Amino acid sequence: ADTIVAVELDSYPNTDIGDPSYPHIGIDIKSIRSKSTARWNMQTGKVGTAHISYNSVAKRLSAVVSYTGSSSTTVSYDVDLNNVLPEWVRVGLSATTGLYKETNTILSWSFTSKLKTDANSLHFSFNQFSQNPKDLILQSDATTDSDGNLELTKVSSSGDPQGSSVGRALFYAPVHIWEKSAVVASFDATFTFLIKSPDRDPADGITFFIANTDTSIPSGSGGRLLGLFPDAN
């Protein structure tokens, strides 16, 4: 299986598998069962912004989600990512839909990682996406539309979101997030998203994640498993 670290924007509460009884954002460390979660006042229909940051010294993975002119949602979890993730990784975005749906549009995405022992670094940012982006590995249904937006999950020609869909987008170049005796390593990511839906209770969510470089959509990882895990353990 893969090794996964992620910040989930969980729109549908799957109380049966540990999820709180309300939309939320959480930090997942090798398990869909978030190590930490926080109430997310979902603004279906409005453009949101997610910011994720971490550094090997403070060892505190944090994330904040906001919408113009409205309070933000934040979540943090203390953990030394060097204990979880391998030295070389690929970073990406994933999203799913199940019985209930929603659009999982990504309008922009930037990422920066630095490894000091000087200081090697990788930084990329898309304010728009082109169809057939050669610097992205699109998995599942994920695709880029004519507007320059990244649709992680299927969206009809009418723009209507489809259920039971899954997709991911990984940056092409692997990233060296750590090495023995490195002095400090850090990474920061930001993405803007647009979740729309005709459903009274939209599902399932969007995530920013980091995994082994050969990561792929696990068998039956749809719906409540945000396309990151094979099961709910």
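Residues carry their position along the shown sequence, with the first being 1.
According to the PDB entry, the deposited sequence runs on from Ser156 to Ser157 with no residue lacking coordinates between them. Looking at 38-46 and 61-69 together, the entry lists the larger mean B-factor for 38-46, computed on C-alpha atoms. Note on 223-231 vs 3-11: mean CA B-factor is higher in 223-231. Set against one another, the Cα B-factors of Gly26, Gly167, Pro174, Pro198 in the record reach their highest point at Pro198. For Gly148, the recorded CA B-factor ranks within the middle third of the chain. Only modelled residues enter the ranking. Ranked by C-alpha B-factor against the other modelled residues of its chain, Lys101 falls in the highest third. Among the modelled residues of its chain, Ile17 has a C-alpha B-factor that falls in the highest third according to the deposited record.
The entry lists a Cα temperature factor for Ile32 that places it in the highest third of the chain's modelled residues.
Ranked against the other modelled residues of its chain, the C-alpha B-factor of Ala119 as given in the entry falls in the highest third.
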